[PDB]
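Residue numbers (the authors' numbering), protein chains in the order written: chain C, 2 to 363; chain A, 3 to 363.
Every residue, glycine too, gets a C-beta built ideally from N, C-alpha and C.
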Amino acid sequence: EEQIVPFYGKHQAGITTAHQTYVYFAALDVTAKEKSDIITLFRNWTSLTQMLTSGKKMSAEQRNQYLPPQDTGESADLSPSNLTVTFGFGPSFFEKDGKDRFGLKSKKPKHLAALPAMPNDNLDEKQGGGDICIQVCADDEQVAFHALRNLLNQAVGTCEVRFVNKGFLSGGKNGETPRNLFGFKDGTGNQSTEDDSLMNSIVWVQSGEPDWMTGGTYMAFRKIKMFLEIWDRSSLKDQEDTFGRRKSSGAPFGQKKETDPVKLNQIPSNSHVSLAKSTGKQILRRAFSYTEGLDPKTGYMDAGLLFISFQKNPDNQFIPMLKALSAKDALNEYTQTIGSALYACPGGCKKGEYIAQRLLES
Amino acid sequence: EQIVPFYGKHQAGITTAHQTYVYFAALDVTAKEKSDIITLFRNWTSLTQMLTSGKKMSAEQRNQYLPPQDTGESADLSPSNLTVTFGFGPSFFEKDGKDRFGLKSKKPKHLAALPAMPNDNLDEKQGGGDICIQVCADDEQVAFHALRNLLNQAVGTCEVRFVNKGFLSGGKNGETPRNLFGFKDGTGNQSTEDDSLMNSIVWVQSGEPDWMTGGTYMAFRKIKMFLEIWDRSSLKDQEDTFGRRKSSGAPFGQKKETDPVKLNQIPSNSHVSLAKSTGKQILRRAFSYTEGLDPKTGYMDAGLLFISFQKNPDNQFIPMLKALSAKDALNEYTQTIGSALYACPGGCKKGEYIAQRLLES
Ligand code: HEM
Ligand code: HEM
Ligand SMILES: [Cl-]
Numbered sequence: 002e003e004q005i006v007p008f009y010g011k012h013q014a015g016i017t018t019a020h021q022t023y024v025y026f027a028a029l030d031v032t033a034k035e036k037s038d039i040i041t042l043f044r045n046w047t048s049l050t051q052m053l054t055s056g057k058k059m060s061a062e063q064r065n066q067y068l069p070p071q072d073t074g075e076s077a078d079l080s081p082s083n084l085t086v087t088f089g090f091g092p093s094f095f096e097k098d099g100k101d102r103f104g105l106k107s108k109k110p111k112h113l114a115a116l117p118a119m120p121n122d123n124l125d126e127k128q129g130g131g132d133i134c135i136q137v138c139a140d141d142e143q144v145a146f147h148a149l150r151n152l153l154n155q156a157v158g159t160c161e162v163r164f165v166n167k168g169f170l171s172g173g174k175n176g177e178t179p180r181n182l183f184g185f186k187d188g189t190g191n192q193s194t195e196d197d198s199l200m201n202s203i204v205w206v207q208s209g210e211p212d213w214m215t216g217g218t219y220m221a222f223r224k225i226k227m228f229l230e231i232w233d234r235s236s237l238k239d240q241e242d243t244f245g246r247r248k249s250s251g252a253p254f255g256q257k258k259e260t261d262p263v264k265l266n267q268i269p270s271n272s273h274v275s276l277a278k279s280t281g282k283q284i285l286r287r288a289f290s291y292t293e294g295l296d297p298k299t300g301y302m303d304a305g306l307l308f309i310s311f312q313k314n315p316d317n318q319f320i321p322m323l324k325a326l327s328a329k330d331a332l333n334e335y336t337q338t339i340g341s342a343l344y345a346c347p348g349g350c351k352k353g354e355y356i357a358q359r360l361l362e363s
Numbered sequence: 003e004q005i006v007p008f009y010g011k012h013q014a015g016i017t018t019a020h021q022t023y024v025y026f027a028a029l030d031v032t033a034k035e036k037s038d039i040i041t042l043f044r045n046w047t048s049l050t051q052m053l054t055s056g057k058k059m060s061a062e063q064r065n066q067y068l069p070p071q072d073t074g075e076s077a078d079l080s081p082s083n084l085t086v087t088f089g090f091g092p093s094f095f096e097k098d099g100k101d102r103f104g105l106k107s108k109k110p111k112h113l114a115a116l117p118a119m120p121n122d123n124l125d126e127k128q129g130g131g132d133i134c135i136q137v138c139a140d141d142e143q144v145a146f147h148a149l150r151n152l153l154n155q156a157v158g159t160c161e162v163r164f165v166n167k168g169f170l171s172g173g174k175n176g177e178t179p180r181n182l183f184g185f186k187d188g189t190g191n192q193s194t195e196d197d198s199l200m201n202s203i204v205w206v207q208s209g210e211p212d213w214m215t216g217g218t219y220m221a222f223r224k225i226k227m228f229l230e231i232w233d234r235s236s237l238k239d240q241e242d243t244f245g246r247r248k249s250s251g252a253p254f255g256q257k258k259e260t261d262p263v264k265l266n267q268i269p270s271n272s273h274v275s276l277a278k279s280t281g282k283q284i285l286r287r288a289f290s291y292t293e294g295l296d297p298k299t300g301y302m303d304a305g306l307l308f309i310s311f312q313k314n315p316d317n318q319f320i321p322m323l324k325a326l327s328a329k330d331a332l333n334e335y336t337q338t339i340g341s342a343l344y345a346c347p348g349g350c351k352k353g354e355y356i357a358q359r360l361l362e363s
């Protein structure tokens, strides 16, 4: 065994866990009618995820060769590649069209609502929302896709799949901050995910939420198109100015080191770093780049960021950033948000329990 | 050092060990003069050399008012066995009966659109193209970085026709990589380290324009794979479709993946049976793709970027295509939605540029 990340724990993996290279990110709508159908679904997803992340090798026997294989096979020879699978629920899981579909509204999390419309949104409704999100990460795309596929396979009959995105973010060979598609290092401003205390104040829900959220968090999702062709033709100055860091070093303007503190009065008031840091709030950003062939509409490379961030309180920590950035981020010149969602992520699973058990009345 | 020589007798990325990631693009030349194309090929040479060598694109950082020459996302990354391969389609040589660039006298012997086959549902905008670029690396970000910087240099000269990307992970202990059907992919290929076998299967050695010497032809097919129909099929149906066992990858009746196929032991209509029975060899070097939900099926949109190399597509590849399109069991679970044939020049010598002998220095 080698690249394994415990599935069971105080929290779900794939949040504070070291950033893997690949993500597959899916949203589902529950079409089933009874909570018991959903319990079944969550039960099976638990077994299978445990199996997948542990590197438990599925086969060996597979009796009755007239039956479908229970596993799709393409990961048979592959390392678990730090596979994590994270689950969350959107507003619509709890209340859809003013109806409480599953008797769950009394256990609705404190901060779970659609994100407010923002300026420069060009949201595709079908590229956001959804009853359930599944975030699958691994250091190997094939491993990640294998997981999503086997998980989605189990949801046939109960859910319809709403969207499946995938992305990548390679870190440096020597552990440097991974660079996004704008050539800039991404994640410098995050607090240390290995600092349990900082993660408890930023990410982890500890109280003031339904019990099933304890050791959970909220996940904000934004699919943000990045106009590479316009960016690439911009001067280095314009690029650096857009962010308030230098491209190479990743250092804040005026500072020498990437990890030096940002000096606010040294970067434009309209820079991405400036706007986000002001407001004074912290989130845990854990984004991945995407490319999706040619945009049929522009004829250019369809590319962007799968912005994913975790926060114990999206209203206090994330939305104010979103408000500030959408107003006058210099970055707005080179990006546009085309998908949006907010998910509530349950606390971790204890061995012998299933995901979100405490939410569907065990 | 995860570097693969760019310069050599052949272009890299053909017999070179299969990397995990590919970006596969086609371009149309919109420029009018050969000299524009020479410039394009000259620049692509410098940049490819630079990129594949792991030369870290630096030296200075001045004139902050200019766009940076390099996009930067690969700054911290190993070259990850980056290879970049170039080829040309029929349309490079002749468009509308006219010879666009004075190149028809050096047209390769076998370069034509593949014939339409039964079951084809070709999207014309998912195939053809004047120039293909195949970018492979063990790291998607490195591969995308290369394509992007290469395409960036083509602005003004070409328009991009399509960009595909795919993956195919080999086992932790070097097993044959499995495609999205869970089956090992490439067992039947001869050894790419057997120079003689590669000379008879892949490499052009004579009877072609001189710029093709140590070149090859690249057949491309974008083949959708219906994962949801496959997944619901019995193991028997799956194994029967191919004529090998899923796990071992061994031919029916044999114990080992590399044991010889015994034809009278696998269905008449199995993929392996029909392909082998043509008596012909190709070099398959495919990658899986996923592209989100198909808006039409509502399922995963997934398949194979089938890429194969052969010295003579008319003798080696087309007869396979004929046989398989007729009655391959696999036709139940796949459908070809893009097609192209490209002629790949011989390798570049240091101080020369790609396809120079065709464009005449
Ligand atoms: C929901 C939208 C986004 C939010 C809420 C957001 C938020 C943030 C935050 C909080 C920081 C750290 C600032 C600090 O406290 O020091 C940051 C930095 C940064 N963001 Fe974003 N961001 C968003 C979208 C994007 C996009 C589309 C890009 C494009 C690549 C991007 C690139 C960067 C870069 C390069 C930095 C450098 C600072 C760092 O990561 O340490 N962000 N962003
Ligand atoms: C129509 C395009 C294709 C052609 C021309 C083609 C050709 C071939 C050839 C020549 C072989 C070697 C057989 C032998 O001599 O032992 C082979 C084997 C195989 N093909 Fe294909 N193939 C095609 C499409 C596909 C697709 C879409 C898949 C998967 C979806 C696939 C999966 C396989 C597998 C699993 C094997 C056996 C393992 C191996 O020896 O490579 N093929 N194919
Ligand atoms: Cl699917």
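Open item on the list: Could you tell me which whole beta strand (DSSP E) segments of length 3 or greater appear in the segment 158-214 of chain A?
Closed with: Whole beta strand (DSSP E) segments, 3+ residues: 160-169.
TODO: Just the C-alpha distance for A:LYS57 and C:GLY173, rounded to the nearest angstrom, thanks.
DONE: Here the alpha carbon of A:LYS57 sits roughly 16 Å from the alpha carbon of C:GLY173.
Task: Between the CA atoms of A:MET200 and A:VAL6 - distance to the nearest angstrom - done: Going by C-alpha positions, A:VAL6 is about 18 Å away from A:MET200.
Task: A:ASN45 at chain C interface by Cβ criterion, 8 Å - done: Using beta-carbon distances, A:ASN45 does not count as an interface residue toward chain C, since no partner is under 8 Å.
TODO: Mind checking which residues open and close the beta strand (DSSP E) that includes A:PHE90?
DONE: In this chain, the beta strand (DSSP E) harbouring A:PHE90 covers 85-90.
Task: Local Cβ density within 10 Å of A:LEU306, reported as buried at 16 or more and exposed below that - done: Buried is the label assigned to A:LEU306, since at least 16 other Cβ atoms lie within 10 Å of its Cβ.
Task: Through-space distance from C:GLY245 to A:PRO120, alpha-carbon basis - done: Straight-line Cα distance between these residues: approximately 57 Å.
Task: Contact check, C:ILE40 vs C:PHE88, beta carbons under 8 Å - done: No.
TODO: Please decide whether C:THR260 counts as near chain A, where near means a Cβ-Cβ distance under 8 Å.
DONE: Chain A, which has no Cβ nearer than 8 Å to the Cβ of C:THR260, makes this no.
Open item on the list: Would the segment 130-144 of chain A count as touching the segment 208-221 of chain C if we require 3 or more Cβ pairs under 8 Å?
Closed with: The segment 130-144 of chain A is not in contact with the segment 208-221 of chain C.
Task: 8 Å Cβ shell around C:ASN151 - same chain, five flanking residues per side excluded - done: Take C:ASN151, set aside five residues on each side of it, and the residues of its chain with a beta-carbon closer than 8 Å to its own are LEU49, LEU53, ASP72, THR73, in chain order.
Open item on the list: Taking 8 Å as the threshold (C-beta atoms), are C:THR260 and C:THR189 in contact?
Closed with: Yes; because the gap between Cβ atoms is below 8 Å, this pair is in contact.
Task: N-terminal and C-terminal residue of the alpha helix (DSSP H) that C:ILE231 is part of - done: C:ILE231 -> alpha helix (DSSP H) spans 229-233.
Task: Neighbour list for C:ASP233 in chain A, Cβ cutoff strictly below 7 Å - done: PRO69, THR73, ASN154, listed in chain order.
- [ ] Report yes if the C-beta distance between C:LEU68 and C:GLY131 is below 8 Å; otherwise report no.
- [x] With a cutoff of 8 Å on beta-carbon distance, C:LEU68 and C:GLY131 are scored as not near each other.
Task: CB of A:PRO92 within 8 Å of CB of A:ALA114, strictly - done: Taking 8 Å as the Cβ cut-off, A:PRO92 and A:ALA114 qualify as a contacting pair.
Open item on the list: So, at 8 Å on beta carbons, what are the nonlocal neighbours of C:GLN192 in its own chain, with the 5 sequence-adjacent residues on each side left out?
Closed with: Around C:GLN192: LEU199, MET200, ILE203, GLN283, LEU285.
Task: Heavy atom of ligand 3 within 7 Å of A:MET302 beta-carbon - done: Checking the Cβ of A:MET302 against ligand 3 gives yes.
TODO: Check whether the Cβ atoms of residue 434 of chain C and C:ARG287 sit closer than 8 Å, and answer yes or no.
DONE: In the structure displayed, chain C extends from 2 to 363; residue 434 of chain C sits before or after that span and is not available.
Task: First and last residue of the uninterrupted beta strand (DSSP E) at C:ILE135 - done: In the DSSP assignment, C:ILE135 falls within the unbroken beta strand (DSSP E) covering 133-139.
TODO: Answer yes or no: do C:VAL24 and C:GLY255 have a C-beta to C-beta separation smaller than 8 Å?
DONE: The criterion of a C-beta distance shorter than 8 Å is not satisfied by C:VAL24 and C:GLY255.
TODO: Could you name the residues that DSSP lists as bridge partners for C:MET302?
DONE: Secondary-structure assignment with DSSP links C:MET302 through a beta bridge to C:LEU295.
Task: For C:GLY176 and A:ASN314, the rounded distance between their alpha carbons - done: Just so you know, the alpha carbons of A:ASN314 and C:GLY176 end up roughly 46 Å apart.
Task: Among C:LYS127, C:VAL162, C:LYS264, the one whose alpha carbon lies nearest that of C:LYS224 - done: With respect to the C-alpha of C:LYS224, the residue from C:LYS127, C:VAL162, C:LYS264 having the closest C-alpha is C:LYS127.
Open item on the list: Tell me which residues share the same chain as A:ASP303 and place their Cβ nearer than 8 Å to its Cβ, disregarding the 5 neighbours each side in the sequence.
Closed with: Same-chain partners within the cutoff: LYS226, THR292, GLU293, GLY294, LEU295, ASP296.
Task: Of the listed residues C:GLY281, C:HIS273, C:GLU62, nearest to C:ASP330 (C-alpha basis) - done: If we check each option's Cα against that of C:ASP330, C:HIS273 comes out closest.
- [ ] Using 10 angstroms around the beta-carbon of A:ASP98, count the other beta-carbons present and answer buried if the total reaches 16, otherwise exposed.
- [x] Flag for A:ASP98 reads exposed.
TODO: Could you name the residues of chain A that C:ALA33 contacts, counting a contact when the two beta carbons are closer than 9 Å?
DONE: Residues of chain A passing the Cβ test: none, with the nearest at roughly 17 Å.
Task: A:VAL24 - DSSP class collapsed to helix/strand/coil - done: Strand, per DSSP.
- [ ] Assign A:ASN317 to one of two classes, buried (16 or more other C-beta atoms within 10 Å of its C-beta) or exposed (fewer than that).
- [x] Classification of A:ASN317: exposed, given that the 10 Å Cβ count is below 16.
- [ ] Alpha carbon to alpha carbon, how far is C:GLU96 from C:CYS346? Give it in angstroms, no decimals.
- [x] In this model, C:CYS346 and C:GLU96 are separated by some 17 Å (Cα to Cα).
- [ ] Using a Cβ-Cβ cut-off of 8 Å, state whether A:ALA331 counts as contacting chain C.
- [x] No, A:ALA331 does not count as interfacial toward chain C.
Open item on the list: What would DSSP say about A:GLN337, mapped onto helix, strand or coil?
Closed with: DSSP places A:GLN337 in strand when its eight states are reduced to three.
Open item on the list: Counting only C-beta atoms, is A:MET302 closer than 8 Å to chain C at any point?
Closed with: Closer than 8 Å to some Cβ of chain C, the Cβ of A:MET302 qualifies, so yes.
TODO: Spell out the partners DSSP gives C:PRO253 in its beta bridges.
DONE: DSSP output for C:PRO253 lists C:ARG246 as bridge partner(s).
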